[PDB]
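Residue numbering restarts at 1 for every chain, and letters A, B, ... go by the order of the sequence lines.
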Amino acid sequence: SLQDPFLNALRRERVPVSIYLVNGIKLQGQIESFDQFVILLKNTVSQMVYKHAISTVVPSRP
Amino acid sequence: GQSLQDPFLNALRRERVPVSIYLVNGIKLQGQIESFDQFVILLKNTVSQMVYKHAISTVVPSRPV
Amino acid sequence: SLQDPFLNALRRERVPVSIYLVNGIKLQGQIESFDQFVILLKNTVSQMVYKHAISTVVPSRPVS
Amino acid sequence: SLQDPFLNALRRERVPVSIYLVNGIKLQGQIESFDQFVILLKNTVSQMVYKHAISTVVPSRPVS
Amino acid sequence: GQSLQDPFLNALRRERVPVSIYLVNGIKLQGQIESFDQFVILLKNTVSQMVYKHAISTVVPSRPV
Amino acid sequence: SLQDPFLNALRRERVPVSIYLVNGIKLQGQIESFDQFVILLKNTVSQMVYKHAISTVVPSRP
RNA sequence: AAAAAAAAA
RNA sequence: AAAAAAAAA
């Protein structure tokens, strides 16, 4: 109830995100969709990102 | 809880798309999704191995689905 | 519980926090919000930190 | 489920397995036993591996 | 589920024993257990910080309890 | 039901164990006790080891 | 398989 | 905060 609103707003407004993984890798793209356990990150492809592997989701614009 | 994960993985299984599965440690695994359940994925390549989802960071399809 | 009351006070009182992640990365900012699984850390931008990736939440100055 | 049937067949048929851990360490042995959370890996000794620490279970040779 | 963890940590809290808490990444934290719940521990030293148990590998008491 | 019997037998027979953590650190000592989430490892002190941080528990003797 | 880097925005 | 070492018994 902070998580859903946050990820939906980035999905609607189609804002570019950086997704930092727990290993330090930075992923860039857009939240295409998400569910309870994964985020679909669109860029050149739609990859499935497991939330358990994510540290942070950073908006490029507030 | 399943409504994005199962469709995603079943599409890649039914259509036999080559995947990269990156692990939380950075290792890249490649093959095809033989099958899966709530906790693991069968990745077939030269051998068919069992991959724990808790160890996966991303499933990247090679072709655009 | 002890987690909510703790993060709430760092919130209400707008205290600068360090959030150390399980990989060692320190994150500076202020707690804007939180729920069961995530914290919103406010600095240049409002980013969402997953709790499972956090090792510690350290106040920069003591709480009162 | 797919996990039980898979580890059971590597067991019954006494197939050598590699168990790769989340930190990269490869473990050679045979599955002696398992439950919901742990696997017993048989080599020099019967050690207990936690599943949460496992990234993959790889057969050394294909199953039939 | 609690029958070893809570006694262990409450003893260290009530008796104010200096602890080392080693994190899963190898970092050593030192202080005293101010309090705790199911998911976190308050470690008081120069400042009182909140430590997630999922990030802890071991709690080592300095004195033999 | 493979986990409890395994850890109890090491506790009774007082067998020395190596406990390898997910970071590769090796702990040595004896299972003093355990519960659902932690193991008490006796050596010079009794430390509490979180099971989520353990990769393997290796008996020194079968 | 480093009895363990108060911690690589 | 390495768009990512088929993988340091």
Side-chain angles (χ1 to χ4, degrees), chain A residues 18-29 41 43-45 47 49 53-58, chain B residues 20-31 43 45-47 49 51 55-58 60, chain C residues 18-29 41 43-45 47 49 53-56 58, chain D residues 18-29 41 43-45 47 49 53-56 58, chain E residues 20-31 43 45-47 49 51 55-58 60, chain F residues 18-29 41 43-45 47 49 53-58:
Chain A
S18 293
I19 289 168
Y20 296 88
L21 308 175
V22 301
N23 56 22
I25 296 335
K26 203 233 301 262
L27 296 173
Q28 316 208 253
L41 187 70
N43 190 312
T44 150
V45 240
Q47 66 182 304
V49 192
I54 302 175
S55 341
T56 68
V57 187
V58 194
Chain B
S20 299
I21 298 173
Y22 299 78
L23 301 178
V24 291
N25 59 20
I27 303 310
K28 190 200 287 204
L29 301 177
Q30 298 185 28
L43 186 71
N45 203 343
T46 73
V47 286
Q49 72 194 286
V51 194
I56 298 180
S57 85
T58 67
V60 187
Chain C
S18 301
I19 296 187
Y20 291 77
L21 302 171
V22 290
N23 57 31
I25 301 326
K26 161 152 79 174
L27 295 185
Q28 292 269 353
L41 186 73
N43 211 31
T44 274
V45 74
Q47 76 190 282
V49 195
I54 296 169
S55 68
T56 62
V58 193
Chain D
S18 301
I19 296 187
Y20 291 77
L21 302 171
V22 290
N23 57 31
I25 301 326
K26 161 152 79 174
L27 295 185
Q28 292 269 353
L41 186 73
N43 211 31
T44 274
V45 74
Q47 76 190 282
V49 195
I54 296 169
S55 68
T56 62
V58 193
Chain E
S20 299
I21 298 173
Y22 299 78
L23 301 178
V24 291
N25 59 20
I27 303 310
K28 190 200 287 204
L29 301 177
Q30 298 185 28
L43 186 71
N45 203 343
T46 73
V47 286
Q49 72 194 286
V51 194
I56 298 180
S57 85
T58 67
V60 187
Chain F
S18 293
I19 289 168
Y20 296 88
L21 308 175
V22 301
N23 56 22
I25 296 335
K26 203 233 301 262
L27 296 173
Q28 316 208 253
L41 187 70
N43 190 312
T44 150
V45 240
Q47 66 182 304
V49 192
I54 302 175
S55 341
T56 68
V57 187
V58 194

The reported gap from NZ in B:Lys28 to CD1 in B:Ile21 (rounded to nearest 0.5 angstrom) is 12.5 Å
Test for a donor-acceptor pair under 3.5 Å between the base of H:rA7 and the side chain of D:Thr56, counting only N and O atoms. yes
For the residue pair F:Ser18 and F:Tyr20, what are the closest heavy atoms and their distance? CB-CE1, 3.7 Å
Rounded to whole angstrom, note down the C1' distance from G:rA3 over to H:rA7. 26 Å
Return the value, rounded to whole Å, for the distance between atom NZ of C:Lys26 and atom P of G:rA7. 8 Å
Mapping C:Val58 and D:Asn23 to their closest nucleotides on RNA chain G, which lands nearer the 5' end? D:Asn23
Measure CG/F:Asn43 against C1'/G:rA4 and give the value in whole Å, please. 14 Å
At 4.0 Å (heavy atoms only), tell me whether D:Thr44 reaches a base, stays on the sugar-phosphate, or touches nothing. nothing
Establish whether the base of G:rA7 is bridged to the side chain of C:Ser18 by a donor-acceptor pair shorter than 3.5 Å. no
Grab the CD1-P distance between E:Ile21 and G:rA7 for me, whole Å please. 16 Å
What integer number of Å spans the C1' atoms of H:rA6 and G:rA5? 31 Å
Work out which heavy atom in F:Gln28 is nearest to a heavy atom in F:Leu41; give both atom names and the distance. O-CD2, 3.9 Å
Can you check the C:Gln28 CD to G:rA8 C1' distance for me, whole Å? 14 Å
Which residues pass the side chain to side chain contact (heavy atoms under 4.5 Å, CB included) test with E:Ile27, not counting sequence neighbours? E:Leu23, E:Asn25, E:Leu29
E:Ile27 CD1 to G:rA4 P: how many Å, rounded? 13 Å
Would you kindly compare B:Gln49 and A:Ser55 by the position of their nearest RNA chain H nucleotide and give the one closer to the 5′ end? A:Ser55
Selected nucleotide, minimal atom distance to E:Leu29 side chain, candidates H:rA3, G:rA3, G:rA7: G:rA7
For C:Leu21 and H:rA1, what is the distance between atoms CG and P respectively, to the nearest whole Å? 11 Å
Sorted by chain and number, sequence neighbours left out, side chain to side chain contact (heavy atoms under 4.5 Å, CB included) with E:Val24 holds for E:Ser57, F:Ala53
d(OH, C:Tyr20; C1', G:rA5) in whole Å: 13 Å
